[PDB]
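J.: Take this structure first; my questions come after.
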Ligand SMILES: CCCCCCCCCCCC(=O)O[C@@H](COC(=O)CCCCCCCCCC)COP(=O)(O)OC[C@H](O)CO[C@@]1(C(=O)O)C[C@H](O)[C@@H](O)[C@H]([C@@H](O)CO)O1
């Protein structure tokens, strides 16, 4: 048996286990992951519909919200769920074909599959309501989505490796995932904030990725200066390098 | 001696306060550094973000004292919620001595947070006086009354959450996640006068906004308050929450022991 | 407003009596 | 304001007495 | 509007029933 | 302001002493 | 500290005091509201001026000289809380008047309602 | 004096209310050693801990004028982050003893335990023998009218059991025991009268031999059901 085949086997089994425990005993989690974008959209439109109409009179608010929200939901899930994978299977590390990175990859693939299903369903009901739901340049959208996915998975693995001890710090990162929602262009277009606050917001790679995904989605969408893809690409590459290094070095102490 | 229940209550509260201070401040007292570091960091970030905006908003009050007077009471309230809510699992193995009822853990954590934030508040006003700002309240006992109302509301909410989420150790994270926008909406960083009126009545549903505004009004001289802000609404919220929390604790008193 | 004040006071002292009675029972629970 | 200042003084002197009693109790227990 | 106020009365009656049942359970356990 | 300067210098010097003593004790 | 003592000293006594006050001792108080605005003949500063001047002291001197406010407000002897005790200080009289006359501002219209 | 009135104890289960105790009324004999023995899982341990006051009875109450110890070997009783010394200090502060007396108690328990370096170490890293040792030493520290043992004698190595038995016979004469053990020789060696708790009721026997004989008879009756 090749190492690749046993890797597929262990990933399949771990995916089955983690999909069973991610949703409820009678699949109550699927309702929550379908309803959370709905509640977010309801609150956001009912709070800023006229303001966003005044912002630019060319893009409807719900499609803008979906395109900026579903990738952020996937990124937040990848960051916040990948790091609990170590403590969920402490007792499972006794069968000599199971490694922590297998749990990491299983959780990541599930997060990706679930959010992709949610994205497809959301685009379907958005087109069903008479909105705009076809990306003009879908290949660049796929590229930016892949960059965002790799950045999120790398950060999740990095936080899983570093915070194997001190679980209080785990909680902390979830708190820091709340302001990241309110800054990275998810709610309101970034053309309305006063310009001197701009570069302090431009070190956030998720802002750049959201802006480029929206630009590749809509026809004739305007981006600001310094919203290059090179900065998120380099951030993701460096984060993945450091995460893999730290997992390799601190490998043996992730035992039972 | 017969040792009347008030005596053993004092004894277990005193011992449990020692036990809980030994871990809240951390081993070798490393936590006090973060305890007085957090308001400093909050003050610095908010002042270099919004100093000119606050100066243009209301020029009669300088920014740091307006920040402190709404920051430290909210820090006390947030401590009295989050620290208090997890008071059950941290001492679950301690419930085997017949004088160790969980209400003692709740009261010990509440009194520890109250004392710590009281010393932090006194140090903050001392520093503000040392830097030439305005640091003496004009109506001190009214400020004490609003502070007491806020303290008892926070303690009641903490006890209610600790009672409710015992079988369910989760939803504590959701409590903290919900506590963050409470920081961002209760007017503890910027004056609430600039909020557009169409959002105003909904924001009045938050009692912490009323308590913060009432504590600020009795502190500064000639600080106006908005219409619809009163003491009766947060006082009634606090009283009803305290009654509900005590009744829920009385129902499930035996179930909090394993 | 006589009747509104009387009803408000009745609710307030009812809640206060309930709270203090629960507190009294809670301290009385210790029976060493 | 004579009686008002007396009342606030009572409140503060009490609070600091309680806090310092707690701190002297724990520093007596520690050593 | 006959049907509109009936729903509100149903909701408030259910709430009052729930809270009164809970305090009655409290005073029965006492 | 001689007394004011002496007092704020004393406070900072004590703080500095507290932090260096705490780290030099906790390194042990 | 039985339950009977708590019920007597927390529920029955304050409700009894409030009942024997609000039924047989309280004095009725009639309100007379009005709604005004000041305009230029062919305005926020003038309505601030009016809002300050209504609660002023010289207006009280004029009104006490005119309509005999002090001896009117001392008439109800049955109610001891809302009546104006004779021989009281000028500052207490000013605070009593400020409590009795209530002025609200509608900033959307700049309308002064005086009750 | 020990008296039990109208005791009712149960716990909710998905298959109904598994009732353990229901309206138990009984008086215990004084100045004699009690061997409490019954069917395993039928209510021995809950009876022990309601006697110890850990869980107050839902209905009825127990009445006593003597001191009854908490179950010895209570390793889970002490909190993990505190050290053994800190847990001892907390325990004596619970009972409100004087400063110098409680200093005498902590010196006594550190002399008994002989742990040494790990005595000022938090107890999440402790092994079972060390926590059992400090539990035994702390329980032997307080002067008590009655002591509760949940079969904590046979555990441990030979030397710890030896000094445990030594300090135990130092405590006999001035104090009395309640034994909850599965070794019959312990009840024939350290008990005077024997109670038997079966199916929610307790029966007294002034003869230890009669009590253990009724125990084997009840076991044979349970094994005789087809
Ligand atoms: C001011 C900025 C915005 C306003 C937020 C206001 C905070 C809400 C109020 C507090 C809500 C709340 O629940 O508290 C939170 C505090 O907010 C944060 O996380 C700050 C987030 C910083 C990242 C932001 C990046 C932005 C992203 C841009 C790209 C957790 O902290 P906590 O005080 O509750 O933790 C105490 C625990 O009991 C024990 O943890 C320790 C301890 O004492 O052993 C250990 C450890 O040192 C650390 O976890 C902890 C401490 O020292 C380290 O700050 O203390």
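Ideal geometry is used to build each Cβ from the backbone, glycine not excepted, and the neighbour counts take in all protein chains shown. FYI, it's all coordinate maths here, none of it is from the lab.
J.: When residues of region G:14-30 are filtered for being within 12 Å of chain C (Cβ to nearest Cβ) and over 29 Å from residue C:16 (Cβ atoms), how many remain? Walk me through it before giving the result.
T.: Keep residues of region G:14-30 that are within 12 Å of chain C (Cβ to nearest Cβ), which gives G:14-29.
Right, trim to over 29 Å from residue C:16 (Cβ atoms) and you get G:28.
Of the residues in region G:14-30, 1 are within 12 Å of chain C (Cβ to nearest Cβ) and over 29 Å from residue C:16 (Cβ atoms).
J.: So residue A:240 fits all but one of (1) over 29 Å from residue A:254 (Cα atoms); (2) away from the ligand (no atom under 15 Å from the Cβ); what number is the exception?
T.: (1)
J.: Moving to a separate point now. State which residue is nearest to residue G:29 (Cα to Cα) when the search covers only region C:1-30 and only residues that are assigned to a loop (DSSP other than H, G, I, E, B) and facing chain B (nearest Cβ under 7 Å). Steps first, please.
T.: In the first step, residues of region C:1-30 are kept if they are assigned to a loop (DSSP other than H, G, I, E, B); the result is C:1, C:29-30.
Add one more test, that the residue is facing chain B (nearest Cβ under 7 Å), and what stays is C:29-30.
On the way: C:29: 50, C:30: 53 Å.
Once the filter is applied, the top-ranked residue is C:29.
J.: What pairs come out if I take residues in region B:21-47 that are within 12 Å of chain F (Cβ to nearest Cβ) and pair them with residues that are assigned to a loop (DSSP other than H, G, I, E, B) whose C-beta lies under 7 Å away, six or more apart or interchain?
T.: From region B:21-47, the pairs are B:31/B:25; B:32/B:25.
J.: Looking for whichever is over 17 Å from residue A:206 (Cα atoms) and within 14 Å of chain B (Cβ to nearest Cβ) here; the options are A:166, A:117. Which one fits?
T.: Details: A:117 fails: within 14 Å of chain B (Cβ to nearest Cβ).
Answer to the check: A:166.
J.: If you don't mind, another one. Might you let me know whether region A:207-224 holds any residue that is under 30 Å from residue A:101 (Cα atoms) and away from the ligand (no atom under 16 Å from the Cβ)? Can you show your working first?
T.: Step one: of region A:207-224, the residues under 30 Å from residue A:101 (Cα atoms) are A:207-210, A:213.
Right, trim to away from the ligand (no atom under 16 Å from the Cβ) and you get A:213.
Yes, region A:207-224 has at least one match.
J.: Shifting gears a bit: In this structure, is residue G:5 under 30 Å from residue B:6 (Cβ atoms) and either in contact with a strand residue (DSSP E or B) (Cβ under 8 Å, 6 or more places away or on another chain) or surrounded by fewer than 12 Cβ atoms within 10 Å (Cβ to Cβ) (or both)? Break it down stepwise before answering.
T.: On the way: under 30 Å from residue B:6 (Cβ atoms): yes; either in contact with a strand residue (DSSP E or B) (Cβ under 8 Å, 6 or more places away or on another chain) or surrounded by fewer than 12 Cβ atoms within 10 Å (Cβ to Cβ) (or both): yes.
Answer is yes for this residue.
J.: Here is a follow-up. Residue B:95 - would you say it is more than 14 Å from chain H (Cβ to nearest Cβ), out of contact with any strand residue (DSSP E or B) (no Cβ under 9 Å at 6 or more places or on another chain) and surrounded by fewer than 21 Cβ atoms within 10 Å (Cβ to Cβ)?
T.: Answer is no for this residue.
J.: Among the residues of region A:139-175 satisfying the criterion of being loosely packed, with under 14 Cβ neighbours inside 10 Å and away from the ligand (no atom under 16 Å from the Cβ), which is nearest to the chain's Cα centre (by Cα)?
T.: Residue satisfying both the conditions and the ranking: A:146.
J.: Here is a further query. Name the residue, out of B:229, B:195, B:189, that is within 16 Å of the ligand (Cβ to nearest atom) and more than 9 Å from every other protein chain (Cβ to nearest Cβ). Break it down into steps so the answer makes sense when it comes.
T.: Details: B:229 fails: within 16 Å of the ligand (Cβ to nearest atom); B:195 fails: within 16 Å of the ligand (Cβ to nearest atom).
Testing whether each residue is within 16 Å of the ligand (Cβ to nearest atom) and more than 9 Å from every other protein chain (Cβ to nearest Cβ) leaves just B:189.
J.: Given the criteria under 24 Å from residue H:46 (Cα atoms) and assigned to a loop (DSSP other than H, G, I, E, B), does residue H:218 qualify? So that I can check it myself, show each step before the final result.
T.: Numbers: under 24 Å from residue H:46 (Cα atoms): yes; assigned to a loop (DSSP other than H, G, I, E, B): no.
Here the answer is no, as residue H:218 does not meet what is asked.
J.: Out of the residues in region H:57-69 meeting the condition of being touching a helix residue (DSSP H, G or I) at 6+ places or on another chain (Cβ under 7 Å) and not in a strand (DSSP E or B), tell me which one is farthest from residue H:139 (Cα to Cα).
T.: Here the answer is H:57.
J.: Taking the criterion of being assigned to a helix (DSSP H, G or I), surrounded by fewer than 18 Cβ atoms within 10 Å (Cβ to Cβ) and within 8 Å of chain B (Cβ to nearest Cβ), would at least one residue in region H:84-94 satisfy it? First the steps, then the outcome.
T.: Here is the first cut: in region H:84-94, the ones assigned to a helix (DSSP H, G or I) are H:84-94.
Next, only the ones that are surrounded by fewer than 18 Cβ atoms within 10 Å (Cβ to Cβ) stay: H:85.
Checking which are within 8 Å of chain B (Cβ to nearest Cβ) leaves us with none.
The answer is no, given that none of the residues of region H:84-94 is assigned to a helix (DSSP H, G or I), surrounded by fewer than 18 Cβ atoms within 10 Å (Cβ to Cβ) and within 8 Å of chain B (Cβ to nearest Cβ).
J.: Of all residues in region H:30-54, which are in a loop (DSSP other than H, G, I, E, B) and either on the phi > 0 side of the Ramachandran plot or more than 14 Å from chain B (Cβ to nearest Cβ) (or both)? It would help to see each step written out before you state the result.
T.: At the first step, the residues of region H:30-54 found to be in a loop (DSSP other than H, G, I, E, B) are H:30-33, H:39-43, H:52-54.
Result: H:30, H:31, H:32, H:33, H:39, H:40, H:41, H:42, H:43, H:53.
J.: Exactly one condition in (1) exposed (fewer than 15 other Cβ atoms within 10 Å of the Cβ); (2) in a helix (DSSP H, G or I); (3) within 14 Å of chain D (Cβ to nearest Cβ) is not met by residue B:136; state its number.
T.: Single failed check for residue B:136: (2).
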